[PDB]
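Novice: PDB entry and its sequence, pasted below:
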Amino acid sequence: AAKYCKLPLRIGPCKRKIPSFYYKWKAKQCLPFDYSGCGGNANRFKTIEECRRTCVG
C-alpha cells in the first residue's frame, strides 16, 4: 500500500488507449484498463504484479 494507491480510475482526458493496470481502492484490487497518456496519476502499472506488489502485500 502507498498513498497514491487511493487515486481513482484516472484514464486521463486524452484520446489514446494504452493497456495498463491500476488499483481500484474503491474495490480494493488491481484491475486492467486503457490509459490515455495525458493527465493520469501514479496509480498506473504495465503489469498486475507491480500494482499488486505495490498496493497488496
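Specialist: Done, it's in. Numbering: from 1, shown residues only.
Novice: which residues does whichever strand or helix holds residue 50 contact?
Specialist: Using DSSP states H and E, residue 50 maps to helix 48-55. The contact list for helix 48-55 (CB atoms under 8 Å, 6 or more residues apart in numbering) reads 1-2, 5, 21-23, 30, 32, 43, 45. For the C-beta atoms, the positions are set from N, CA and C on the backbone; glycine is no exception.
Novice: which one (most neighbours) among those?
Specialist: Comparing the contacts of helix 48-55 by number of neighbours (other CB atoms under 10 Å), residue 23 comes first, having 26 neighbours.
Novice: export the contacts of helix 48-55 to JSON lines and tack on secondary structure and distance to residue 52?
Specialist: Below are these laid out as JSON lines (DSSP: H, G, I helix; E, B strand; the rest coil; distance: CB to CB, whole Å):
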{"residue": "1", "secondary structure": "coil", "distance to residue 52": "11"}
{"residue": "2", "secondary structure": "coil", "distance to residue 52": "12"}
{"residue": "5", "secondary structure": "helix", "distance to residue 52": "11"}
{"residue": "21", "secondary structure": "strand", "distance to residue 52": "9"}
{"residue": "22", "secondary structure": "strand", "distance to residue 52": "12"}
{"residue": "23", "secondary structure": "strand", "distance to residue 52": "9"}
{"residue": "30", "secondary structure": "strand", "distance to residue 52": "5"}
{"residue": "32", "secondary structure": "strand", "distance to residue 52": "12"}
{"residue": "43", "secondary structure": "coil", "distance to residue 52": "13"}
{"residue": "45", "secondary structure": "strand", "distance to residue 52": "9"}
